[PDB]
file data_28.cif (mmCIF, C-alpha atoms)
data_structure
#
loop_
_atom_site.label_atom_id
_atom_site.label_comp_id
_atom_site.auth_asym_id
_atom_site.auth_seq_id
_atom_site.Cartn_x
_atom_site.Cartn_y
_atom_site.Cartn_z
CA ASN H 264 25.48 58.10 108.55
CA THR H 265 25.08 55.98 111.70
CA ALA H 266 21.45 57.05 112.32
CA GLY H 267 20.51 56.59 108.64
CA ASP H 268 19.38 60.22 108.24
CA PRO H 269 20.58 62.49 105.37
CA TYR H 270 23.42 63.94 107.47
CA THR H 271 26.77 62.33 108.29
CA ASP H 272 28.18 61.75 111.77
CA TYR H 273 30.54 64.73 111.36
CA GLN H 274 27.86 67.07 110.03
CA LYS H 275 25.60 66.26 113.00
CA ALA H 276 28.28 66.35 115.70
CA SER H 277 29.82 69.60 114.38
CA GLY H 278 26.42 71.24 114.02
CA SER H 279 27.14 72.09 110.37
CA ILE H 280 23.52 71.37 109.43
CA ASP H 281 20.22 73.25 109.27
CA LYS H 282 20.07 75.35 112.43
CA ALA H 283 16.33 74.65 112.82
CA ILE H 284 17.19 71.01 113.65
CA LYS H 285 16.90 70.34 117.39
CA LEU H 286 20.18 69.89 119.26
CA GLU H 287 19.13 66.32 120.17
CA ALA H 288 19.74 65.39 116.52
CA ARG H 289 23.29 66.71 116.75
CA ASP H 290 24.06 63.41 118.47
CA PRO H 291 25.05 60.82 115.80
CA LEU H 292 22.83 58.21 117.48
CA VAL H 293 19.70 60.40 117.34
CA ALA H 294 18.11 60.76 113.92
CA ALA H 295 17.18 64.07 112.36
CA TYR H 296 13.61 63.06 111.59
CA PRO H 297 10.37 65.08 111.18
CA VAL H 298 7.17 63.49 112.49
CA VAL H 299 4.33 65.28 110.75
CA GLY H 300 0.65 64.68 111.42
CA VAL H 301 -2.62 66.28 110.33
CA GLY H 302 -5.53 67.16 112.60
CA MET H 303 -9.02 68.10 111.36
CA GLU H 304 -10.63 71.00 113.24
CA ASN H 305 -13.99 71.15 111.52
CA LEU H 306 -15.79 69.97 108.39
CA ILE H 307 -18.10 72.05 106.18
CA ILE H 308 -20.74 70.46 103.94
CA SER H 309 -22.05 72.27 100.86
CA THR H 310 -25.20 70.57 99.55
CA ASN H 311 -25.33 71.17 95.82
CA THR O 360 -85.04 68.83 66.24
CA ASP O 361 -82.40 71.51 66.87
CA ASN O 362 -79.28 72.58 64.96
CA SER O 363 -76.67 74.84 66.58
CA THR O 364 -73.45 76.51 65.42
CA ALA O 365 -70.97 78.32 67.67
CA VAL O 366 -67.77 80.17 66.78
CA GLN O 367 -65.42 81.09 69.63
CA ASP O 368 -62.39 83.36 69.28
CA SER O 369 -59.88 83.57 72.14
CA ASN O 370 -56.87 85.79 72.76
CA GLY O 371 -54.45 85.59 75.68
CA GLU O 372 -51.03 86.65 76.94
CA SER O 373 -48.80 85.45 79.76
CA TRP O 374 -45.83 86.70 81.76
CA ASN O 375 -43.37 84.51 83.66
CA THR O 376 -40.45 85.44 85.90
CA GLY O 377 -38.24 82.88 87.60
CA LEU O 378 -34.99 82.69 89.52
CA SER O 379 -32.89 79.66 90.41
CA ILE O 380 -29.83 79.19 92.61
CA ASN O 381 -27.33 76.41 93.24
CA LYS O 382 -26.97 75.95 96.99
CA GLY O 383 -23.42 74.56 96.85
CA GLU O 384 -22.00 77.37 94.69
CA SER O 385 -24.31 80.23 95.56
CA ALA O 386 -21.81 83.06 95.12
CA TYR O 387 -18.24 83.90 94.14
CA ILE O 388 -16.01 86.14 96.23
CA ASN O 389 -13.32 88.57 95.08
CA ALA O 390 -10.85 89.84 97.70
CA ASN O 391 -8.96 93.06 96.96
CA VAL O 392 -5.59 92.73 98.67
CA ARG O 393 -2.23 94.47 98.96
CA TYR O 394 1.14 93.06 100.04
CA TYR O 395 3.43 94.83 102.52
CA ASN O 396 7.13 94.38 103.35
CA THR O 397 8.36 95.50 106.78
CA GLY O 398 11.68 93.59 106.69
CA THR O 399 15.24 94.46 105.64
CA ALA O 400 15.45 92.64 102.30
CA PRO O 401 13.32 92.81 99.13
CA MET O 402 11.37 89.80 98.00
CA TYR O 403 11.11 88.71 94.35
CA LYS O 404 8.19 86.73 92.96
CA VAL O 405 6.10 87.33 96.10
CA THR O 406 3.60 84.46 96.38
CA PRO O 407 1.42 84.70 99.55
#

call {"tool": "encode", "arguments": {"input": "data_28.cif", "output": "structure tokens"}}
result
Amino acid sequence: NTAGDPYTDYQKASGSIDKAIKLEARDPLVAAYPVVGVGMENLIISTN
Amino acid sequence: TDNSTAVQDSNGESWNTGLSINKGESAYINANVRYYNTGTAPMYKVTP
């Protein structure tokens, strides 16, 4: 696993991985890696 | 010189009505819902 992700070099190169993974991460040098963030859109206050 | 004696008898009744509300949990909501399937396969243990 050259990139250190959960998939081996062969799995990535051969595309025998989750098909929702972007083709960039089929390259052994490019990690399959989700970058997840959270944005707040509004805040509601309930005065008890 | 004066001597006095008074006897007073009193009757009374009262009525009270009140209502109070919590402003953070004013009400509870119940949504009546139905699930639909427009795909090709059944779903088991449907958890929307």

call {"tool": "closest_atom_pairs", "arguments": {"input": "data_28.cif", "of": "chain O", "to": "chain H", "cutoff": "9 Å", "atoms": "only C-alpha atoms", "output": "JSON lines"}}
result
{"residue": "O:381", "atom": "CA", "partner": "H:311", "partner_atom": "CA", "distance": 6.2}
{"residue": "O:382", "atom": "CA", "partner": "H:311", "partner_atom": "CA", "distance": 5.2}
{"residue": "O:383", "atom": "CA", "partner": "H:311", "partner_atom": "CA", "distance": 4.0}
{"residue": "O:384", "atom": "CA", "partner": "H:311", "partner_atom": "CA", "distance": 7.1}

call {"tool": "resolve_selection", "arguments": {"input": "data_28.cif", "expression": "the PyMOL selection byres ((chain H and resi 297) around 12)", "output": "PDB file with C-alpha atoms, in the coordinates of the input"}}
result
ATOM      1  CA  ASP H 268      19.380  60.220 108.240  1.00  0.00           C
ATOM      2  CA  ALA H 283      16.330  74.650 112.820  1.00  0.00           C
ATOM      3  CA  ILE H 284      17.190  71.010 113.650  1.00  0.00           C
ATOM      4  CA  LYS H 285      16.900  70.340 117.390  1.00  0.00           C
ATOM      5  CA  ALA H 288      19.740  65.390 116.520  1.00  0.00           C
ATOM      6  CA  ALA H 294      18.110  60.760 113.920  1.00  0.00           C
ATOM      7  CA  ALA H 295      17.180  64.070 112.360  1.00  0.00           C
ATOM      8  CA  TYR H 296      13.610  63.060 111.590  1.00  0.00           C
ATOM      9  CA  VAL H 298       7.170  63.490 112.490  1.00  0.00           C
ATOM     10  CA  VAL H 299       4.330  65.280 110.750  1.00  0.00           C
ATOM     11  CA  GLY H 300       0.650  64.680 111.420  1.00  0.00           C
TER      12      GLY H 300
END

call {"tool": "atom_distance", "arguments": {"input": "data_28.cif", "atom1": "atom CA of residue 301 of chain H", "atom2": "atom CA of residue 266 of chain H"}}
result
25.9 Å

call {"tool": "residues_around", "arguments": {"input": "data_28.cif", "residues": "segment 386-396 of chain O", "least_positions_apart": "5", "cutoff": "10 Å", "atoms": "all atoms listed in the file", "output": "compact mmCIF listing (two decimals) with C-alpha atoms, in the coordinates of the input"}}
result
# COMPACT_ATOMS: atom_id res chain seq x y z
CA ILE O 380 -29.83 79.19 92.61
CA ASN O 381 -27.33 76.41 93.24
CA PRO O 401 13.32 92.81 99.13
CA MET O 402 11.37 89.80 98.00
CA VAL O 405 6.10 87.33 96.10
CA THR O 406 3.60 84.46 96.38
CA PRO O 407 1.42 84.70 99.55

call {"tool": "atom_distance", "arguments": {"input": "data_28.cif", "atom1": "atom CA of residue 306 of chain H", "atom2": "atom CA of residue 379 of chain O"}}
result
26.6 Å

call {"tool": "atom_distance", "arguments": {"input": "data_28.cif", "atom1": "atom CA of residue 269 of chain H", "atom2": "atom CA of residue 291 of chain H"}}
result
11.5 Å

call {"tool": "resolve_selection", "arguments": {"input": "data_28.cif", "expression": "the PyMOL selection byres ((chain H and resi 290) around 10)", "output": "PyMOL selection string"}}
result
chain H and resi 266+272-278+286-289+291-295

call {"tool": "axis_aligned_box", "arguments": {"input": "data_28.cif", "around": "segment 266-279 of chain H", "padding_each_side": "5 Å", "output": "AutoDock Vina command-line options"}}
result
--center_x 25.0 --center_y 64.3 --center_z 110.5 --size_x 21.2 --size_y 25.5 --size_z 20.3
